[PDB]
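To begin, one chain is listed below as structure tokens, in the form deposited in one PDB entry.
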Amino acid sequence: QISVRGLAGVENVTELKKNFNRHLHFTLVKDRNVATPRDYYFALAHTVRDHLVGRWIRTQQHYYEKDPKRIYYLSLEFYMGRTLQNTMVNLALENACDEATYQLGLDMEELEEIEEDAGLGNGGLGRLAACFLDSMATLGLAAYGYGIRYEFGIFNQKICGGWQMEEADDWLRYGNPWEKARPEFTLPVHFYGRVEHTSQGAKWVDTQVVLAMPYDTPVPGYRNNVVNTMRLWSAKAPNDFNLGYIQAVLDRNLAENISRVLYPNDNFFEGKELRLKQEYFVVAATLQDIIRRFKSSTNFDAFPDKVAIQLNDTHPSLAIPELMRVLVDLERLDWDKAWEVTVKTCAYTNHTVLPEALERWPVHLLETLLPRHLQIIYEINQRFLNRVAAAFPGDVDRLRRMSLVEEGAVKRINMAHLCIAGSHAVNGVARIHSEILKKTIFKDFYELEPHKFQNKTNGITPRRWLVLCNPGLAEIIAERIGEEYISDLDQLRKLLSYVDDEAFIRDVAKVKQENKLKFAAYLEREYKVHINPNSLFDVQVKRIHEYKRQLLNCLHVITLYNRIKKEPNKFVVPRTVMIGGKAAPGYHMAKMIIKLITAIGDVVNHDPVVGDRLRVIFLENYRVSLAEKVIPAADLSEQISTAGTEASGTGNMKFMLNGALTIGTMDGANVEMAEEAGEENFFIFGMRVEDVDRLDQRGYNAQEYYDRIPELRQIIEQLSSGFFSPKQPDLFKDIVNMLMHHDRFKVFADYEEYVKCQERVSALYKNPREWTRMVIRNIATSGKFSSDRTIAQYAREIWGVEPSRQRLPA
């Protein structure tokens, strides 16, 4: 059909059809009379998987023969979404598979929709791992993603009476055709026991064994025939586990609970034993697997020339004391040589500055569960504080602040401090975030070892986030500047010479209108609700947090509503406000915000005076595959975090790539995005970081804004009096009370400038041609935000490996 989706050769289409029927018969054991669309999806999935395996075996073989340095990306999260369409894109099979299914009388797009998301993540951090894996395969790096195969990923969100309900994401019920169990590479992981000191050093004994069984999933590179491996561990009891008889067999569940469920508490820390078990489990199994590969090439001096270990936040920080444990206790290296090897191998990526996200594990927990790692941690702390004392003699305060061990009622280990100590490189995820790390929470560590601290501004894969989710945009761009940009996104800059081309302006605007018609239709079919596709699509999709200020969006929405009701016969630019995202199940305030959003919808969407001029939709079950649909259909991207709180953001980048303009604060990658597009092509508003600090020093009094802004007083009176909750008049008193007395994130401080900036958005939207020219200037400067740029920078400045764009042979 369209050029970027590849050739549909007579021979390819004939083979895909033949192999589809072979899998339907042999693999699914069905004939065409009894087959459901689900059987058809599986037959296609097995057919496309067969094109991966030759390249998978060949790539793994090539790494064995060239023996290149290997990158291990350790994360508790891989937010992969669906695999079928991504696999077709990167193998150039999309047009052939579409033709082949068409000739068998099936619609491929209906089959793609049957695949469950691999929801093995919460949000930004897990999705960055997924984009990175795609980018690492596309740039020919010998990279392994290592995680946990959770039986249940992020919960499915249902709204019930406007309230979030959680149900279990049973993504494996029907099977995962993409994974290959490797029960033969099963490894023991130890917990509890105690430490004996011998003549022969320390020995970890009387431990509980849990088995780690790996599952390999292919990670195809973009059209280069490279297929890397994501290896996810699953917990299995040993066969003598407990071994009256019945209860012993049933009690095997206890050990396998380790790989059972993803913790859904995004950007918040709970010190539960089960989470620490998940952290040690992925680290123990992964490091044995790494060390076994390294020995199949005595001497660990070359370990760091052969191994890079990247730590996705502190979640796998135990990699540091575990590498020390293996190298000292099992391999009998002296401490200093083992430490040299550990530091040169490990690198740490920080993903937040919110203090309630930092991992501080109680000592009593580590003492019970990992008694030897607690010993190794104390030893690291002691030698580290001897370096600080020597660097800054007499500074006893710096010693206390920099300690890996915090004093208090409960002593805790600061896992961030452990990572900085044990890593040759610490990076933030946007330039402003990396600067704050050096100015504030890691100032003391920066002053000791300035050489460690780097920036690696985040990115997104233009494979999933443009070719896959927005083919119409990919094609009109490819008509003008070719296909090379898909693996070299800087080439999009060539589109600036088309900013005054009436044909390109028309095509950009037509793709956007098509994506909006298609998404408007998807809201009717699957969720029975009617939206004007001529309206401006105002979308805020991300996890529900106070720092992301969905409430500031709510305040603007109630303002537009109040202005219409005051002057009903005045023209306004019609809008559909879409807000979506999951709340952490115990995060009460996040749950109230979801309920406020649906409550605003119930008032606004059924006011006849309002008409089709304003709609508020809460988008249910926001996940990767819903992002692929709503982001191509957006006109306005809402990136309105309090300055200094969004480490980077990545949704922001997705929307810039897909032809939305951005209303946002000078926070995270928003700064670099405005810098790349020019500030005149960006709806910047509100406090800068420096303004937030000025407010903190004198004190944030929200009552001042209530007193001075009559429009804002009215909204708080509506919330209080039960305008939006007539049955429970006091349903939102927690929100009012938080906004007036306990707002960490200064929603009122940014209200005036936000509403003013939102007026300028509506103004530009009235002039379609200038709106589309501003969009062209955004798409055309979004090149820097490709995860290929990001990974090439990890590769060169942290890992010491040279990316490659060379095809492997087929």
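A residue's number is simply how far along the shown sequence it sits, counting from 1.
The form solved in complex with a small molecule exists for this protein as well; it is not shown, and the discussion that follows is about that form.
Asks: Any idea which of 301-309, 598-606, 505-513, 263-271 reaches within 4.5 Å of the small molecule in the entry with it bound, heavy atoms considered?
Replies: Correct option: 263-271.
Asks: Even though the small molecule is not shown here, does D98 get within 4.5 Å of it in the entry with it bound, heavy atoms only?
Replies: Looking in the entry with it bound, residue contacts with the small molecule do not include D98, since no heavy atom lies within 4.5 Å.
Asks: Does the small molecule get within 4.5 angstroms of any non-hydrogen atom of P729 in the entry with it bound?
Replies: Outside the cut-off, so no.
Asks: Would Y587 sit within 4.5 Å of the small molecule in the entry with it bound, counting heavy atoms only?
Replies: Contact check for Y587: yes, within 4.5 Å of the small molecule in the entry with it bound.
Asks: Though only this chain appears here, would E322 touch the small molecule in the entry with it bound if you measure heavy atom gaps against 4.5 Å?
Replies: No, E322 is distant from the partner.
Asks: Let me know the one among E680, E356, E704, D612 whose heavy atoms come within 4.5 Å of the small molecule in the entry with it bound, would you?
Replies: Contact check passes for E356.
Asks: Among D169, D635, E546, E115, which has any heavy atom within 4.5 Å of the small molecule in the entry with it bound?
Replies: Here the answer is residue option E546.
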